[PDB]
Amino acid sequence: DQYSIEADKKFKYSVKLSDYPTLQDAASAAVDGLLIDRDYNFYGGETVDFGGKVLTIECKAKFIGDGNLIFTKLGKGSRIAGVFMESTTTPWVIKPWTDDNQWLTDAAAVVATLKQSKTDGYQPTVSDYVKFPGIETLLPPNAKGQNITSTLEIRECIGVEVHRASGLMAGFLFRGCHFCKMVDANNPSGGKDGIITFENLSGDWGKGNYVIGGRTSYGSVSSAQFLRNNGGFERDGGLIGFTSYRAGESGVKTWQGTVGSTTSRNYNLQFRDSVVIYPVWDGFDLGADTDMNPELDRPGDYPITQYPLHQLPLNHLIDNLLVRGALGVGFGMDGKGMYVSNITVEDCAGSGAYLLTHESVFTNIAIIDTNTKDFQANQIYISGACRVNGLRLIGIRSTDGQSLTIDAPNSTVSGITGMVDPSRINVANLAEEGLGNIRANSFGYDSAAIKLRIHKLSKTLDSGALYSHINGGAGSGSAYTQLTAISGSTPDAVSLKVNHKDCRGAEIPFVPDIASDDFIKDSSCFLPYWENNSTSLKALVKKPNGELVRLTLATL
C-alpha cells in the first residue's frame, strides 16, 4: 500500500487497447495516454466518446473497416499520432497512366487497366464519365458506383490534431470542428471520399482548421478540401507546406455552390508553400461559385445582388504554389479584389491557369508548357478586369493549332518573358513603361530586330521594324540600319536604310507615282515622288505656313 501511493505519483498514465474488448472501453479507462497496440476492426459508424478528456493517442496498429470510425468529445489539446486506416474491401481501381507516366485519355485504354487493389489507382466515380468520354458505357458494372473508404471522423471537436496519419483506402474527416489540424500526413493512400476534409456545413463557420505539412496519394476525388470555413481577417486556417499526388479529382479544393441547404464556400484561408502533382482534374481549385449551370442564389452566403457570380470577396492568402502534371487545369480560382503571388505551373494537359477573377492582381506567375492536350481554349484565361505583373510563358513545347496562349481580354499585363508566339497573346493592354536604356542582342542571325505589332491591325504580322543587318560577313565592322513599314499585308514593304553596303548614305523611299495632296502629314516637311514622264523626282511640300506647293527635286 506504501508502494502503490508512490507508484501512482511517479509513473505516466496510459491505457492500451490490448487490455480491452472495445475501443470505447479503452477510451473510458484512459486518463492521459491511450496506445493502440493491436489492430482493431470497427463497424461503420462506430462512435467513441472520450469524455472531454485531453488525451494523447499513440497509434502502433491499424483501424480496419469500411465506413467511418467516429471520435467525439475529445478535450482541447488532444493529439492522435500514427493512425493507420484500412478498408476491409479491396475494390476495383483504374490507373489512367502508363509505365512511362504518360496520361491515358482513351476510355478503352483506361478500362483495360482495371485491377482489384487498395492502392495504385482509384475507384471510378461519375466525374470519370466526363474526364474519359465513353467510359461510362465501357466500364463493367462491378467497377461503377463503388464506395470504399476507411474514414477517421473527428466530430464536433475543438483543438484536436491528427499527426502522421496514413492508410490504405483511407480518409480523414473533421466534421463541425474548429482549431483542428491535419499535420504531417504520412502519405495515406486514398479511397472514394476526399483524403482530408474540413467540413462545417452545420454549426459555426469553420475556423482554425489547417492542413500543415505532409502528403497524400491517389483517392477518387480531391486530396484536401474545405467546406464552409472562414479564417477571419487573421487568416486562421487553410493549407501550408502540403503535397498532393495523383488526386482522382483535384489536389486542393475549396468547394463551390450550395451543398444540402447551405453554402459550401470558404473565405480568408491560406494556400501557401504547397505542391500538387499529377491530379486527374486540377492542381488548386480555389473557386467559390459554380461556373457551369450556376445557382441563382447563395443560401447561407452573400446574395447575388450584393456580389455577382465569381465576384465574392474571398480574400484568401495565396502564395508560393507549384503544380506539375495536371490532366485538367493547374490553378483555378474566382473572386474579386484578390492578390495572388508566386505561382508556378508546369506540364499540364489543360489550362495552366483559369481565373474567373475581377479587380485582382497576379504577381510573378509562371505558366510553362500547359494546355498540352488542347482541352481548353488557352494556357491562361482571365475573365475580368485584372492586373498581371510578371508572366512567364512557354517552356520547350510547341503548339500546332490555333489556340491562344493567354486570353485575358479585360486585363492589363506587363513583364511577359518566354518564346511566346505574339499572335497568341490577347490582353486589354500590354506595356513595359519602366525599362531603362535597352539593347537588343541577336544570336544565330545576320540581323538584330526591334519589331512593332499593332494587334488591332494584325495579330500575325509586324507593322514596322527597326533592323540592323550585317554588310558583307562576320568581322566586317559594318552593318546597315533599316526602318520599315507594312503595306499590302507584306511586312517590311517600305523602308529607309542607313549604310547599306557600307555606302555611308541614307536610302530614301519615294512615292512611285504622283503624290496626292493628302499624302503629306506635317507642316515644314517634304515628300519625294516620281514623275515618270520626265524622269524626275518631285517634292510635295507642306510649307511652314501649312500650304502645299510642288517642287522639282532631282532631274536628269
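We number the residues from 1 along the sequence you see.
Chemist: Which wins on mean Cα temperature factor, 515-523 or 38-46?
Modeler: For C-alpha atoms only, the mean B-factor is higher in 515-523.
Chemist: Got a sec? Mean C-alpha B-factor, which is higher, 316-324 or 108-116?
Modeler: The recorded data point to 108-116.
Chemist: Kindly indicate the residue among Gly176, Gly337, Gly191, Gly232 with the greatest C-alpha B-factor in the PDB record.
Modeler: The C-alpha B-factor peaks, among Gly176, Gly337, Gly191, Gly232, at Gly337.
Chemist: Between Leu483, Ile470, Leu391, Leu168, which one tops the list for Cα B-factor in this entry?
Modeler: So the option with the highest C-alpha B-factor is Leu483.
Chemist: C-alpha B factor of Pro141, ranked within the chain: lowest, middle or highest third?
Modeler: CA B-factor rank for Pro141: highest third.
Chemist: Tell me, lowest, middle or highest third: where does the Cα B factor of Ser414 rank within its chain?
Modeler: For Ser414, whose C-alpha B-factor we compare with every modelled residue in the chain, the answer is the lowest third.
Chemist: What third of the chain, by the recorded C-alpha B-factor, contains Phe198?
Modeler: CA B-factor rank for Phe198: lowest third.
Chemist: Relative to the other modelled residues in the chain, which third contains the C-alpha temperature factor of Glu346: lowest, middle or highest?
Modeler: Bottom third by C-alpha B-factor.
Chemist: Where does the C-alpha B-factor of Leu435 rank in its chain, lowest, middle or highest third?
Modeler: Ranked within chain, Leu435 CA B lands in the lowest tercile.
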